[PDB]
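Enquirer: A single structure is presented below for examination.
Number of protein chains: 2
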Amino acid sequence: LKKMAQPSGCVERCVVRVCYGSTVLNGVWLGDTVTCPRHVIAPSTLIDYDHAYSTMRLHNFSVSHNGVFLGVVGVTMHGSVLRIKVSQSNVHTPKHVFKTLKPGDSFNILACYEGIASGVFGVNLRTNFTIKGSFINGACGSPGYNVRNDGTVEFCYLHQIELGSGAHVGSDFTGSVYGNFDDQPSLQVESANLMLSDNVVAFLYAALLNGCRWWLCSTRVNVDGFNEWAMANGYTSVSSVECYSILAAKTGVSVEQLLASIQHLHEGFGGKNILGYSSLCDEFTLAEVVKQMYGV
Amino acid sequence: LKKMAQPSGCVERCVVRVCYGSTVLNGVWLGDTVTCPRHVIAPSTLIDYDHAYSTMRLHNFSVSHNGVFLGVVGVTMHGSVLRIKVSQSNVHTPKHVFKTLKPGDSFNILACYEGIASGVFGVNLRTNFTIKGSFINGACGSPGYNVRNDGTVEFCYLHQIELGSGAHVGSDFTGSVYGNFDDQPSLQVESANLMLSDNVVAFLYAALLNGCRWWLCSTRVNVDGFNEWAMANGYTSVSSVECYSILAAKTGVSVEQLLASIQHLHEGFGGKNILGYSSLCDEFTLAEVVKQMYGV
Ligand SMILES: Cn1cnc(Cn2c(=O)nc(Nc3cc4cn(C)nc4cc3Cl)n(Cc3cc(F)c(F)cc3F)c2=O)n1
Ligand SMILES: Cn1cnc(Cn2c(=O)nc(Nc3cc4cn(C)nc4cc3Cl)n(Cc3cc(F)c(F)cc3F)c2=O)n1
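Just so you know, the protein sequences line up as chains B and A, in that order. Residues 3 to 47, 50 to 300 in the entry's author numbering are what the first sequence lists, from first letter to last. Residues 3 to 47, 50 to 300 in the entry's author numbering are what the second sequence lists, from first letter to last.
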C-alpha cells in the first residue's frame, strides 16, 4: 500500500500561466476557456473582489502556455474563480467533466509554478474540507483531478490558500470554495478533522490481505453501535457494509469485525505496527485498496 | 513534507507493451530502440537466457504504443535487458540520458501495465538495492526516471522482480541488475535495510523549521564518531555536513547536533511524535526538503 498519483500527462497539457499586473498564478486551459483563482486580480493590500472585477482591464492580463501567449477575449467571475475566454482552443483538451469532491474522496494534485508542473501526488479530502498537500508560494491555481476508467478526466480542485495550520484549501471549477473558506488573507481556523472510518476499514482489509492480522478482534459490533461510538470518539459514520463486499469476500472477514477492531485499536497499538503504521490510517479509500491489490 | 513524483507526461509517451509469445511486459521506446527486461523471452518452465536468445525469432515479438504496433527489425541482449530495434523512431523522444542510481538516490516510478501507465510515485533506492514500490503482476518493465532542472530525463530503472519480502528489484538501462540479484524466479533474500542518515538529518531540519524541537540535543557527535555508531545500529554513514549549511544557518543547529539527536531518538520517541511520525523518517532527501520548503 503506497499513496500514488494517476499519471499527469493529460493534465500537464492544460496548465497555463495567468498574470494580471504583477500577480502571477496558474490556470487550467480547456477548450477556449482558462479557469483560475480570482485572486489574480487582487490589489496589493480585506479584498473587495466585486470592485476589483468592475475596474478590471482585459489588457492587464497575460495568459501563456510554454511561452506562447493566448489572446484574452473576455473574463467573467464565478464565486472564487475567473473564466477567461481566449481566442485559441487547447488542441490537447482531454475528454473531461467537472466534479465536486466529497470528504473521503481521493484525488491527484499537479503542483504547478508559473504555469509549469513540478510535482504530482495523491491526497484525500478531509472532513474539514482541507487537504494535506505540499505547496509553496506560486502554487495558487494548481489543479486537482481524477481519471476515470474510460479515460475521462474529472477536474475537481483549483488550489487557493494555505491556512495558518498548514492545511490547504481549494475551490471546485464552479467557483465554490471547499469548506466555504474565504479566498482572503485572514486568520480562519478550520474545524478539527475526523478519522475517515470508511478508509480505516479499507486499510484494515489491506492489512489482512498482506498477512498482518495480530489486531483482529474475534467479536463484532454492528453499524449502529459503531456509529454511536464514532460520534463520541472523533470518527465518521461508516457507510453501508455492502460496499466492502469484494474485500470481505476475499478475506472472509466482515466489516463488523473490523469495526470492533477499530474500537480496540483506538486505545493504542501497544508497540506493534500495521503495514508500518503506529496508529490507524485513513489515507486510502476502498477503491485505492482494490486497485493497488488487484488492478480493478 | 510530501513524497511526490515529477510529472510523468514525457515518460508516458515512451512506454510500450512488449510481447513475446504469450509473455507480456512493459518497455521504453527512445529513438528507434525499445529497452525491456529480457524475461519477456523466457520459456514457461532456472532460465537459460543464452539459449532462449540463440533460438529467438523476431516474428514472435509484438511491440505497441497505445495500441499502435511497431515493426521489429532486430534484437540484442545486454545483461538483463533487450534492445529491440523497431522500424520507426519515437517522435516524442525526450532529451535524455541514462544514469545508474546509487543507494540514497530518489527517483520516480511510472507503474505500467500492458504498456499503459497507471500510477506514479517517488521512491528511494535503499542500501540493499531494493525499492518499496506498489506493483502487482504485469508491472515488469515499469520505468524509473528523474528530470533534471534543464529538462533532461535521466532513465535509471526498469522494474524486474518482487522478492518474497515484497521488496522490489530492477535493472538500469545498460542491463545491470541493481544489487546483482538474478532475473530468475528463484528465492532471493535482500540484505537488511539501513536507515539513510542523510535523509534523517534533512527530516530533522524540516522539523526544526516547522517549530518541532522537543527532541533536539545540545550534545554534538562528530561525523567520524557518528559513522562508527551508525555501523553498529542499522544506519548509514552521514555523507557530509556542508551541504546542510543553508538549513543549519536558518535554524542555528549544527549537523553534529542532529547526529547526536539521531543517537538519542533511534530507539523511539516514547509517546511523542515528530511531524506526525512516531519514529525517525528517512523518506526525504535534503534536495526534497529544500525544494518543498523553499523552492530551491
Ligand atoms: C505557502 N503556500 C502554500 N500554498 C500557497 C498558495 N498561495 C499562493 O501560491 N500564492 C499566494 N499569494 C500570491 C502571491 C504572489 C506573488 N506574485 C508575483 N504572484 C502571486 C500570486 C499569489 Cl496567488 N497565496 C496567498 C493567497 C492566495 C489566494 F488565492 C487568496 F485568496 C488569498 C491569499 F492570501 C497563497 O495562498 N501558499
Ligand atoms: C507482484 N509483482 C510485483 N512486481 C512484479 C514483477 N513481475 C511481473 O510483473 N511479472 C512477472 N512475471 C510475468 C508474468 C506474466 C504473465 N504474462 C501473460 N506475462 C507475464 C510477464 C511476466 Cl514478466 N514477474 C516474475 C518474474 C519477472 C522477471 F523479470 C524475472 F526475471 C523473473 C520472474 F519470476 C514479476 O516479478 N510482480
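Note that CB positions come from ideal geometry on N, CA and C, so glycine has one too.
Can you check whether the C-beta of residue 173/A is within less than 8 Å of a C-beta belonging to chain B?
Expert: Position 169 of the second sequence, counting from 1, holds the residue named residue 173/A. For residue 173/A, the answer is no, since every Cβ of chain B falls outside 8 Å of its Cβ.
Enquirer: Give me the residue from 276/A, 146/A, 9/A and 143/A with the minimum Cα distance to residue 117/B.
Expert: Taking the first sequence and counting its residues from 1, one reaches residue 117/B at position 113. Considering only alpha carbons, the answer is 9/A.
Enquirer: Taking residue 289/A as the reference, give the member of 271/A, 148/A, 210/A and 198/A with the closest Cα.
Expert: Your numbering for residue 289/A matches position 285 in the second sequence. Out of 271/A, 148/A, 210/A and 198/A, 210/A has the C-alpha closest to the C-alpha of residue 289/A.
Enquirer: Is it a yes or a no for the region 56-71 of chain A touching the region 12-25 of chain A, going by three-plus beta-carbon pairs under 8 Å?
Expert: These segments touch.
Enquirer: In chain order, what residues of the same chain have a beta carbon less than 8 Å from the beta carbon of residue 225/A, not counting five sequence neighbours either side?
Expert: Residue numbering aside, residue 225/A sits at position 221 when the second sequence is read from its first letter. Closer than 8 Å at Cβ, skipping near neighbours: 233, 260, 263, 264 and 267.
Enquirer: Could you name the residues of chain B that residue 119/A contacts, counting a contact when the two beta carbons are closer than 9 Å?
Expert: For the purposes of this step, residue 119/A is identified with residue 115 of the second sequence, where counting begins at 1. What residue 119/A touches in chain B: nothing, since even the nearest Cβ is about 13 Å away.
Enquirer: So which residues of chain B does residue 23/A contact, with C-beta pairs closer than 9 Å?
Expert: Looking up residue 23/A in the second sequence gives position 21. Near residue 23/A there are no residues of chain B at all, since even the closest Cβ is about 22 Å away, more than 9 Å.
Enquirer: If you count every other CB in all the chains shown that lies within 10 Å of the CB of residue 92/A, and 16 or more means buried, which is it?
Expert: Residue numbering aside, residue 92/A sits at position 88 when the second sequence is read from its first letter. Residue 92/A is exposed by the Cβ-count criterion.
Enquirer: Would you kindly check if the distance between the Cβ of residue 132/B and the Cβ of residue 108/B is under 8 Å?
Expert: Taking the first sequence and counting its residues from 1, the one referred to as residue 108/B is at position 104. Taking the first sequence and counting its residues from 1, the one referred to as residue 132/B is at position 128. No. Outside cutoff.
Enquirer: Does DSSP put residue 211/A in a helix, in a strand, or in coil?
Expert: Your numbering for residue 211/A matches position 207 in the second sequence. Reduced to three states, the DSSP call for residue 211/A is helix.
Enquirer: Taking any Cβ of chain A, which residues in the region 116-144 of chain B have a Cβ under 7 Å from it, in chain order?
Expert: 121, 123, 124, 125, 137, 138 and 140
Enquirer: In three-state DSSP terms, what is residue 279/A?
Expert: As a position in the second sequence, residue 279/A is number 275, starting the count at 1. Residue 279/A falls in the coil class under three-state DSSP.
Enquirer: Does any residue of chain B bring its CB to less than 8 Å from the CB of residue 7/A?
Expert: Here the question's residue 7/A lines up with position 5 in the second sequence. Taking Cβ atoms only, chain B reaches closer than 8 Å to residue 7/A, which makes this a yes.
Enquirer: Can you tell me which residues form a DSSP beta bridge with residue 88/A?
Expert: Numbered from 1 along the second sequence, position 84 holds the residue referred to as residue 88/A. DSSP, once it has assigned bridges, lists 36/A and 79/A as partnering residue 88/A.
Enquirer: For residue 69/B, which beta-bridge partners are listed by DSSP?
Expert: Residue mapping note: residue 69/B aligns to position 65 of the first sequence, counting from 1. Partner(s): 72/B.
Enquirer: Give me, in chain order, the residues of the same chain whose beta-carbon lies closer than 8 Å to that of residue 279/A; leave out the 5 immediate sequence neighbours on both sides.
Expert: Translated into positions along the second sequence, residue 279/A becomes position 275. For residue 279/A, same chain residues with a beta-carbon under 8 Å away, outside a window of 5 residues either side, are 3, 207, 210, 211, 214, 216 and 285 in chain order.
Enquirer: Cβ of residue 161/B within 8 Å of Cβ of residue 174/B?
Expert: Reading the first sequence from its first residue, position 157 is the one you call residue 161/B. Reading the first sequence from its first residue, position 170 is the one you call residue 174/B. Cβ atoms of residue 161/B and residue 174/B: closer than 8 Å.
Enquirer: Rounded to whole angstroms, what is the Cα-Cα separation between residue 249/B and residue 243/B?
Expert: By 1-based counting over the first sequence, the position of residue 249/B is 245. By 1-based counting over the first sequence, the position of residue 243/B is 239. Approximately 12 Å between the Cα atoms of the pair.
Enquirer: Grab the span of the beta strand (DSSP E) containing residue 160/B for me, first residue to last.
Expert: As a working mapping, residue 160/B is identified with position 156 in the first sequence. It spans 157-166 - the beta strand (DSSP E) in which residue 160/B sits, taken as one unbroken run.
Enquirer: Applying the criterion that 16 or more other CB atoms from any shown protein chain within 10 Å of the CB defines a buried residue, is residue 62/A buried or exposed?
Expert: Start at 1 with the first residue of the second sequence, and residue 62/A comes out as number 58. Classification for residue 62/A: exposed.
Enquirer: Hey, how far is the Cα of residue 218/A from the Cα of residue 269/A?
Expert: Position 214 of the second sequence, counting from 1, holds the residue named residue 218/A. Position 265 of the second sequence, counting from 1, holds the residue named residue 269/A. Spanning the alpha carbons of residue 218/A and residue 269/A requires a straight line of approximately 11 Å.
Enquirer: What residue from 172/A, 101/A, 141/A and 187/A has the CA that sits closest to residue 300/B's CA?
Expert: In the first sequence, counting from the first residue as 1, residue 300/B sits at position 296. That would be 141/A, whose Cα lies nearest to the Cα of residue 300/B.
Enquirer: Reducing DSSP to helix, strand and coil, say where residue 126/B ends up.
Expert: Within the first sequence, residue 126/B is the residue found at index 122, counting from 1. Reduced to three states, the DSSP call for residue 126/B is strand.
Enquirer: Using only Cβ atoms and a threshold of 6 Å, which residues come within that distance of a heavy atom of ligand 2? Order them by chain position.
Expert: Here the list is 24/A, 25/A, 26/A, 27/A, 39/A, 41/A, 139/A, 140/A, 141/A, 142/A, 143/A, 144/A, 164/A, 165/A, 166/A, 187/A, 188/A and 189/A.
Enquirer: Report the partner residues of residue 97/B according to the DSSP bridge assignment.
Expert: Within the first sequence, residue 97/B is the residue found at index 93, counting from 1. According to DSSP, which records beta bridges pairwise, residue 97/B is partnered with nothing at all.
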